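**Student:** Can you read through this structure? Questions will come right after.
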Amino acid sequence: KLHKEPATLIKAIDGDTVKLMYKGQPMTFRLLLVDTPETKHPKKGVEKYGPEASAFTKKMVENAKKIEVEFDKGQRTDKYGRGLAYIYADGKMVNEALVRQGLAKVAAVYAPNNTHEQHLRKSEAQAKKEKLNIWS
């Protein structure tokens, strides 16, 4: 089973990236399983809703009392050295919140890092049905 672990917010960066102080050291984390419109896309820069998704994540982790990280079952860092995890703010998963508001799409999933895929798929469908932001 996965397990949550404490961390401290250092700075939110994008709708899908946040810098945290994990185990004594600063680390950039990429939110598992979600794709958020980008503000600093490597080729396009600011896409539609990017500012909205960035403000949403920033708002959520910044207003929290307790941040926790939950690594999945496979690799824990991507090629750029960013931790791959599910981030929770006061018990609520930032990854899911983003998808539920239609501020992110569920990304291309790759086992064994797919534990919450079903859950995330369920929130994205609901957001599509409600025609929210990205699904409007």
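Residue numbering restarts at 1 in every chain; chains get A, B, ... in the order shown in the structure tokens, and ligands count up from 1 in that same order.
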List the neighbours of residue A:34 out to 7 Å using only C-alpha atoms; skip same-chain residues closer than 5 positions along the sequence, and give me the result as an MDAnalysis selection string.
**Tutor:** chainID A and resid 95 104:107
**Student:** Where in stretch 30-131 of chain A does DSSP assign alpha helix (DSSP H), given as a VMD selection string?
**Tutor:** chain A and resid 50 to 62 94 to 100 117 to 129
**Student:** Measuring atom to atom with only C-alpha atoms, identify which of A:27, A:127, A:13, A:20 is nearest to residue A:39.
**Tutor:** A:13
**Student:** Among chain A, which ones does DSSP assign to strand (DSSP E or B) (computed from the backbone)? Answer as an mmCIF file with N, CA and C atoms, in the first residue's frame.
**Tutor:**
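As written to disk, result35.cif reads:
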```
data_model
loop_
_atom_site.group_PDB
_atom_site.id
_atom_site.type_symbol
_atom_site.label_atom_id
_atom_site.label_comp_id
_atom_site.auth_asym_id
_atom_site.auth_seq_id
_atom_site.Cartn_x
_atom_site.Cartn_y
_atom_site.Cartn_z
ATOM 1 N N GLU A 5 3.396 11.008 3.269
ATOM 2 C CA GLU A 5 4.555 11.475 4.010
ATOM 3 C C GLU A 5 4.527 12.994 4.085
ATOM 4 N N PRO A 6 4.986 13.562 5.209
ATOM 5 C CA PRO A 6 4.993 15.023 5.343
ATOM 6 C C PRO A 6 5.978 15.753 4.415
ATOM 7 N N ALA A 7 5.701 17.024 4.170
ATOM 8 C CA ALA A 7 6.530 17.869 3.330
ATOM 9 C C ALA A 7 6.153 19.303 3.659
ATOM 10 N N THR A 8 6.971 20.251 3.245
ATOM 11 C CA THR A 8 6.662 21.640 3.514
ATOM 12 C C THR A 8 6.718 22.422 2.227
ATOM 13 N N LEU A 9 5.705 23.246 1.998
ATOM 14 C CA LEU A 9 5.644 24.057 0.791
ATOM 15 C C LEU A 9 6.786 25.044 0.723
ATOM 16 N N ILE A 10 7.437 25.113 -0.426
ATOM 17 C CA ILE A 10 8.488 26.088 -0.603
ATOM 18 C C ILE A 10 7.939 27.123 -1.573
ATOM 19 N N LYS A 11 7.435 26.668 -2.713
ATOM 20 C CA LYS A 11 6.911 27.589 -3.712
ATOM 21 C C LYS A 11 6.109 26.807 -4.734
ATOM 22 N N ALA A 12 4.985 27.356 -5.193
ATOM 23 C CA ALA A 12 4.201 26.682 -6.227
ATOM 24 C C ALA A 12 4.793 27.241 -7.499
ATOM 25 N N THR A 17 3.243 21.646 -11.037
ATOM 26 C CA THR A 17 4.544 21.539 -10.396
ATOM 27 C C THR A 17 4.619 22.402 -9.161
ATOM 28 N N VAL A 18 5.165 21.843 -8.090
ATOM 29 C CA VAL A 18 5.326 22.568 -6.839
ATOM 30 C C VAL A 18 6.668 22.168 -6.245
ATOM 31 N N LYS A 19 7.352 23.130 -5.632
ATOM 32 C CA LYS A 19 8.643 22.876 -4.995
ATOM 33 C C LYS A 19 8.368 22.641 -3.514
ATOM 34 N N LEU A 20 8.894 21.547 -2.973
ATOM 35 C CA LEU A 20 8.667 21.190 -1.573
ATOM 36 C C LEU A 20 9.962 20.855 -0.851
ATOM 37 N N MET A 21 9.903 20.853 0.476
ATOM 38 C CA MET A 21 11.046 20.508 1.301
ATOM 39 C C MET A 21 10.680 19.136 1.823
ATOM 40 N N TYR A 22 11.248 18.124 1.185
ATOM 41 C CA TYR A 22 10.975 16.737 1.523
ATOM 42 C C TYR A 22 12.245 16.078 2.091
ATOM 43 N N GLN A 25 15.454 18.133 2.225
ATOM 44 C CA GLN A 25 15.934 18.767 1.012
ATOM 45 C C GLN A 25 14.863 19.265 0.038
ATOM 46 N N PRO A 26 15.111 20.430 -0.570
ATOM 47 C CA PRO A 26 14.207 21.051 -1.530
ATOM 48 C C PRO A 26 14.135 20.164 -2.759
ATOM 49 N N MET A 27 12.927 19.976 -3.265
ATOM 50 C CA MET A 27 12.689 19.117 -4.411
ATOM 51 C C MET A 27 11.516 19.619 -5.235
ATOM 52 N N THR A 28 11.632 19.475 -6.537
ATOM 53 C CA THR A 28 10.564 19.854 -7.420
ATOM 54 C C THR A 28 9.712 18.604 -7.625
ATOM 55 N N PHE A 29 8.404 18.747 -7.442
ATOM 56 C CA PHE A 29 7.487 17.642 -7.628
ATOM 57 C C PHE A 29 6.581 17.906 -8.803
ATOM 58 N N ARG A 30 6.331 16.872 -9.589
ATOM 59 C CA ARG A 30 5.440 16.962 -10.727
ATOM 60 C C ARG A 30 4.243 16.132 -10.262
ATOM 61 N N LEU A 31 3.039 16.674 -10.424
ATOM 62 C CA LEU A 31 1.819 15.981 -10.002
ATOM 63 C C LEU A 31 1.556 14.777 -10.888
ATOM 64 N N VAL A 34 -1.690 13.831 -14.133
ATOM 65 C CA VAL A 34 -2.471 14.928 -14.696
ATOM 66 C C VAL A 34 -1.698 15.856 -15.623
ATOM 67 N N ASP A 35 -2.414 16.404 -16.591
ATOM 68 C CA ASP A 35 -1.840 17.354 -17.509
ATOM 69 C C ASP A 35 -2.627 18.647 -17.375
ATOM 70 N N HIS A 41 4.995 26.627 -21.032
ATOM 71 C CA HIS A 41 5.172 25.447 -21.868
ATOM 72 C C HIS A 41 6.481 25.620 -22.633
ATOM 73 N N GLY A 45 4.380 28.335 -24.142
ATOM 74 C CA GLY A 45 4.225 29.309 -23.076
ATOM 75 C C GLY A 45 2.886 29.192 -22.370
ATOM 76 N N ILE A 67 0.756 19.609 4.322
ATOM 77 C CA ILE A 67 1.025 19.066 2.993
ATOM 78 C C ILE A 67 1.624 17.656 3.184
ATOM 79 N N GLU A 68 1.214 16.717 2.342
ATOM 80 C CA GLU A 68 1.743 15.361 2.389
ATOM 81 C C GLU A 68 1.994 14.883 0.972
ATOM 82 N N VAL A 69 2.976 14.010 0.807
ATOM 83 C CA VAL A 69 3.279 13.474 -0.500
ATOM 84 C C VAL A 69 3.086 11.973 -0.479
ATOM 85 N N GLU A 70 2.599 11.460 -1.592
ATOM 86 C CA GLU A 70 2.339 10.055 -1.717
ATOM 87 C C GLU A 70 2.911 9.549 -3.043
ATOM 88 N N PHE A 71 4.056 8.865 -2.970
ATOM 89 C CA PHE A 71 4.697 8.271 -4.139
ATOM 90 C C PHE A 71 3.876 7.063 -4.574
ATOM 91 N N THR A 77 11.003 9.495 -9.555
ATOM 92 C CA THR A 77 11.525 10.750 -10.098
ATOM 93 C C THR A 77 11.544 10.570 -11.608
ATOM 94 N N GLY A 83 10.246 14.809 -8.439
ATOM 95 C CA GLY A 83 9.540 13.724 -7.774
ATOM 96 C C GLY A 83 8.180 13.510 -8.443
ATOM 97 N N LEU A 84 7.729 12.261 -8.532
ATOM 98 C CA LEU A 84 6.435 11.913 -9.138
ATOM 99 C C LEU A 84 5.539 11.464 -7.995
ATOM 100 N N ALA A 85 4.545 12.274 -7.639
ATOM 101 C CA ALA A 85 3.697 11.882 -6.537
ATOM 102 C C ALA A 85 2.337 12.497 -6.571
ATOM 103 N N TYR A 86 1.515 12.035 -5.639
ATOM 104 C CA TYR A 86 0.170 12.556 -5.438
ATOM 105 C C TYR A 86 0.392 13.490 -4.249
ATOM 106 N N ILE A 87 -0.062 14.732 -4.376
ATOM 107 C CA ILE A 87 0.109 15.738 -3.331
ATOM 108 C C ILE A 87 -1.242 15.996 -2.678
ATOM 109 N N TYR A 88 -1.275 15.957 -1.345
ATOM 110 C CA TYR A 88 -2.495 16.191 -0.579
ATOM 111 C C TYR A 88 -2.363 17.480 0.259
ATOM 112 N N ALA A 89 -3.413 18.305 0.276
ATOM 113 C CA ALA A 89 -3.433 19.532 1.091
ATOM 114 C C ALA A 89 -4.570 19.317 2.088
ATOM 115 N N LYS A 92 -6.885 16.602 1.207
ATOM 116 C CA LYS A 92 -7.487 16.595 -0.134
ATOM 117 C C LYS A 92 -6.406 16.480 -1.198
ATOM 118 N N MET A 93 -6.613 15.611 -2.187
ATOM 119 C CA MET A 93 -5.625 15.419 -3.253
ATOM 120 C C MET A 93 -5.665 16.527 -4.300
ATOM 121 N N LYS A 105 -6.426 17.431 -17.432
ATOM 122 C CA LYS A 105 -6.848 16.221 -18.115
ATOM 123 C C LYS A 105 -6.029 15.066 -17.537
ATOM 124 N N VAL A 106 -6.572 13.858 -17.515
ATOM 125 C CA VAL A 106 -5.799 12.742 -17.009
ATOM 126 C C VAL A 106 -4.788 12.409 -18.109
ATOM 127 N N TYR A 110 1.150 5.112 -17.217
ATOM 128 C CA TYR A 110 2.117 4.044 -17.410
ATOM 129 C C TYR A 110 2.345 3.268 -16.112
ATOM 130 N N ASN A 113 2.910 3.117 -12.169
ATOM 131 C CA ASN A 113 2.485 4.393 -11.551
ATOM 132 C C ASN A 113 1.067 4.753 -12.026
#
```
**Student:** Pick out the residues sitting within 6 Å of residue A:15, and hand them over as a VMD selection string; count only C-alpha atoms, and ignore anything fewer than 3 positions along from it in its own chain.
**Tutor:** chain A and resid 36 53 to 54 57
**Student:** Store the residues picked out above, limited to N, CA and C atoms, as an mmCIF file, in the first residue's frame.
**Tutor:**
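See part-v2.cif below for the written result:
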```
data_model
loop_
_atom_site.group_PDB
_atom_site.id
_atom_site.type_symbol
_atom_site.label_atom_id
_atom_site.label_comp_id
_atom_site.auth_asym_id
_atom_site.auth_seq_id
_atom_site.Cartn_x
_atom_site.Cartn_y
_atom_site.Cartn_z
ATOM 1 N N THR A 36 -1.948 19.713 -16.966
ATOM 2 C CA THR A 36 -2.566 21.019 -16.802
ATOM 3 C C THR A 36 -2.136 21.968 -17.918
ATOM 4 N N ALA A 53 -5.280 27.195 -13.790
ATOM 5 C CA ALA A 53 -4.794 25.982 -13.134
ATOM 6 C C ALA A 53 -3.653 26.297 -12.185
ATOM 7 N N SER A 54 -2.765 27.215 -12.577
ATOM 8 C CA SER A 54 -1.643 27.624 -11.718
ATOM 9 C C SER A 54 -2.144 28.301 -10.450
ATOM 10 N N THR A 57 -3.823 25.545 -8.030
ATOM 11 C CA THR A 57 -2.853 24.737 -7.268
ATOM 12 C C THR A 57 -2.167 25.586 -6.195
#
```
**Student:** Report, in Å with one decimal, the straight-line distance from atom CA of residue A:124 to atom CA of residue A:1.
**Tutor:**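 A separation of 24.2 Å between them.
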**Student:** Counting only C-alpha atoms, which of A:14, A:90, A:136, A:103 gets nearest to residue A:60?
**Tutor:**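 Between A:14, A:90, A:136, A:103, the residue approaching residue A:60 most closely is A:90.
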**Student:** Tell me, in Å to one decimal, how far atom CA of residue A:61 is from atom CA of residue A:123.
**Tutor:**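 Straight-line distance from atom CA of residue A:61 to atom CA of residue A:123 works out to 19.8 Å.
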**Student:** Under the rule that only C-alpha atoms are counted, which of A:114, A:63, A:133, A:126 is the nearest residue to residue A:32?
**Tutor:**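 Closest candidate: A:114.
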